[PDB]
Every structure is written in C-alpha cells, then in structure tokens.
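We begin with a single chain expressed as structure tokens, specifically the form deposited in one PDB entry.
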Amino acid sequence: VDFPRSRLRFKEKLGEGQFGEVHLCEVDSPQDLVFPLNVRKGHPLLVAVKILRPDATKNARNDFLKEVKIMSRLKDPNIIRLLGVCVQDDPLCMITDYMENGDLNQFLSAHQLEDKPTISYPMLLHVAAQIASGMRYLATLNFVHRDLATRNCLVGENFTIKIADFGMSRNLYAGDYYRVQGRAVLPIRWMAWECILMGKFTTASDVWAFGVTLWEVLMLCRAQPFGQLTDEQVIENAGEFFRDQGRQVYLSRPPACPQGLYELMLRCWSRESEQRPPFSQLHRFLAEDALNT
C-alpha cells in the first residue's frame, strides 16, 4: 500500500530529471508511519523523493513503474532502499532515504588524503569495501548494475555508502558517457573490453567497473579514468584487449595506492572474465585491509 503523500513536505529541489525531479522532503509526524523510516523522535526526518511530472508521457510512466519494480527488490545496507511509493495517483512518487553528503564523487573530491577536510587511507578502504559488499548483494540477485562508478554512489552519515543509479541524468558527468546517435549511451571508461566490443554486460563486467571505481576512490576522484586519452582511444584500447598482442593499457597506480592493492585492481581488469575476482573476495580483501590498517 502507498505511502501517505500528504505527509511529504517539500523542502528544496535536489536534482532535475528528464521526466521529473528529485525533491528533498520532510515527513510530518513520521513516528506514525514507522514504512521503515529511520526516525529519531523530535528530529527532522528528511527523505529524497523521485517525482514524475503531472503531465508525464506514457513512455515516462512506464519507465517509472519498471524502476519501482526493480528497486522494490533491493534490500541491503549498501544499496539504495525504497522506503515507499505513491503510485495510485499523480504525480507518481518513489521515496528513499536522504543521503546528506551527496554522491561519492562530489564527497571525495572535497577531501584530501590525510598527511601524517581529510580522509584516511583506512577510511578510503572502508568506503570501497561498502561498495563491494553492496555489489556482492546485487550479484547474489543476478542483478547487473551496468553503470557502477563513484558518481552513482551516495554518502550518508558516518561514511555510510549506498550504491544507486542516477540514470545518466546529470550535466556534471556528461563527459563520462560516449554518445552516438541512435545507440545506447555508454560509460566507456568504466566498461570492460567485452562490453565495449559486444554489449556483453555481466557480473564480471561489474567487477571490472568496480576496479575502476576503486581506482577513482584511491584517486580521491581527482581524475577521470584514462582522462588523457580520447574516447576513440579508449575504444581502441578495448580492441587491443581482444587482440591480445600486449598493446592494451591500464589505469596507472594512484599516489595513495600501495602496489598490493593496485594488483587487486589489475585482477579486476583481467582479459578473461572468469579470472576477475568475485565481489565476495573483493569485499574480504578490502575489509581486512580496512580493519587492519
């Protein structure tokens, strides 16, 4: 059953969509609803609401209803949660937790690595481990994300990370997608070679993108993957992975990244998809290192 729309109180616009908007809202008298809201009595309960325009087209309403159906399955501490929906009248609504530190690319971009806002090496590992645990969960569901990157991760309180999917809706990240007329829009610099050559997207290609997302984290989001290469060179490099003549190239080791952790990234970029580590091993490695450094 629907969330009570009358309890949602507009505060400000968080984002623009092609077909609607994302609003920051307060929930009036939320203890009543407790709908798995995270309620500290007498403290504002803030949620993000994705909202479809009242004049929304049939195509847009269909896509929203499918996004409700997909997101309704996802129940893990490191994945965006649907707290509720309002789908029986317009505008159609989907409600999620407000992640007050924004997307992870913006968050890390505002920090530098601590020198013996700053962030420590073990906390960077903890952020990456949370991402690997959320991806571990999605792999158990045979859910392929297809667009894992730090711009699609959200940051809450106490460095909590949740994986989400903004759906290529943002000017800020337009140069992270390769656009050709009549083709799917493609985040080529995070795509495994078989995705670029074949459209083959699998949990093994989500591991390759996790390798690139881990690179971004250890770069503190200071640089686009392959940022000195054109898009055409990035595509040509996918070709060199297939050709396997030893001319393919890889992201370089970030300044913050020890060689051991770099070798973990390199395994995620194995030419053979079956040589790439599973997310359960990636999580273990990063959490152990998070716990012990």
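Take the two forms, find the largest set of C-alpha atoms that superpose within 1.5 Å, and that set is the rigid core. Residues carry their position along the shown sequence, with the first being 1. Only residues modelled in both forms are compared.
- Residue-level annotation: residue 57 has coordinates in all of the other entries compared, counting only those that model residues on either side of it, so it never reaches the one-third mark.
- In at least a third of the other PDB entries of this protein that model the residues around it, residue 41 has no coordinates.
- The gap between residue 116 and residue 117 holds 4 to 9 unmodelled residues of the deposited sequence.
- The entry shows a gap from residue 34 to residue 35, with 1 to 3 unmodelled residues of the deposited sequence in between.
- Judged by mean Cα B factor in the deposited record, 89 to 97 ranks above the other of 137 to 145 and 89 to 97.
- Relative to its counterpart among 200 to 208 and 80 to 88, 80 to 88 has the higher mean temperature factor, C-alpha atoms as listed in the PDB entry.
- Looking only at 246, 239, 225, 254, the residue with the top Cα B factor in the deposited structure is 246.
- Comparing C-alpha B-factors across 10, 269, 279, 285 in the deposited entry, the largest value falls on 10.
- When the CA B factors of the chain's modelled residues are split into thirds, the value for residue 61 lands in the middle one.
- Compared with the other modelled residues of the chain, the Cα B-factor recorded for residue 169 ranks in the highest third.
- Among the modelled residues of the chain, residue 259 sits in the middle third by CA temperature factor in this PDB entry.
- For residue 179, the recorded CA B-factor ranks within the middle third of the chain. Only modelled residues enter the ranking.
- In the deposited entry, the Cα temperature factor of residue 213 places it in the lowest third of its chain's modelled residues.
Just so it is clear, the following notes concern the form deposited in another entry, a form of the same protein that is not shown.
- The distance between the CA atoms of residue 105 and residue 18 is at least 3 Å longer in the other entry than in the form shown here.
- Taking a Cα shift of 2 Å or more after superposition on the rigid core as the cut-off, the stretches of three or more consecutive residues that move between this form and the one not shown are 1 to 32, 40 to 64, 90 to 98.
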